[PDB]
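*Asks:* For the sequence shown, the authors' numbering begins at 1 and goes up steadily by one.
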Amino acid sequence: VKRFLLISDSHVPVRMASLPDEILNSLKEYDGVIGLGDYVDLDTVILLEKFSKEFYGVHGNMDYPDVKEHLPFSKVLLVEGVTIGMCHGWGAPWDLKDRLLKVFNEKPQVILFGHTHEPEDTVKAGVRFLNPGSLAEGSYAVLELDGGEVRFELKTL
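1) Using three-state DSSP, classify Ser139 as helix, strand or coil.
2) Spatial neighbours of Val40 within its chain, please: C-beta separation below 8 Å, excluding the five flanking residues on both sides.
3) The beta strand (DSSP E) with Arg15 in it runs from where to where?
4) Which of the three DSSP states, helix, strand or coil, is assigned to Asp43?
5) What distance in whole Å lies between the Cβ atoms of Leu112 and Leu130, which are believed to be in contact at a cut-off of 8 Å?
6) Could you tell me the alpha carbon to alpha carbon distance between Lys75 and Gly57, rounded to whole angstroms?
7) How big is the Cα-Cα spacing for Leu24 and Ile7?
8) Would you check if there are 3 or more beta carbon pairs closer than 8 Å linking the region 106 to 124 to the region 39 to 53?
9) Is it buried or exposed, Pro132, if we count other Cβ atoms within 10 angstroms and call 16 or more buried?
10) If you draw a straight line from the C-alpha of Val150 to the C-alpha of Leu101, how long is it?
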């Protein structure tokens with residue numbers, strides 16, 4: 001069972017810094033760490049590549065652009081058939097679906113967007129949008145791969 005550690009929205013240090021490093025220490029058990037919210041220190045970005053030794057990041061945070069050379073503004077993953085279109089930012093219910101189908105010329109099967117801290121399985125325009133909560137609200141997402149399915153479990157702390 002392979003498992004992706006999805007971190008909803010991280011701003012460290014910035015003006016939060018209150019991120020439980022316990023999960024960061026557990027990257028050993030995650031053969032794929034997904035970062036929708038990044039660590040804003042370029043130094044710590046390399047440290048991320050040190051702990052996880054393989055991470056997939058999407059930089060849509062309002063911090064240092066230096067980090068954007070390690071993780072692009074938008075990224076899609078191909079996980080056992082499931083096209084995961086990940087994009088961190090904001091958007092209205094109307095704009096969201098249309099904008100994401102604009103950014104991604106080919107429609108993603110499942111899209112990850114972090115902004116709301118209340119998780120709901122939302123199907124818009126025929127696309128499945130998954131929304132993880134926030135950092136300091138004790139909401140991280142663990143994607144577990146079994147039978148060739150990306151299974152989203154937002155686990156609480």
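By construction, the Cβ of each residue, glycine as well, lies at the ideal position given by its N, Cα and C atoms.
*Replies:* With the given structure in hand:
1) Assignment of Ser139 by DSSP, reduced to helix, strand and coil, places it in the strand class.
2) Closer than 8 Å at the Cβ level, and outside the excluded window around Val40, lie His11, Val12, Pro13, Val14, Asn61, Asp63, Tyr64 and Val67.
3) For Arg15, no beta strand (DSSP E) segment is defined, and its DSSP state is neither H nor E.
4) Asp43: helix per DSSP, three-state reduction.
5) So it is a contact: roughly 5 Å between Cβ atoms.
6) Here the alpha carbons of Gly57 and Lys75 stand approximately 7 Å from one another.
7) If I take the Cα positions, the gap works out to 10 Å.
8) Contact check between the region 106 to 124 and the region 39 to 53: fewer than three CB pairs, one atom from each, fall below 8 Å, which does not count as touching.
9) Flag for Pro132 reads buried.
10) Rounded to the nearest angstrom, the two C-alpha atoms are 21 Å apart.
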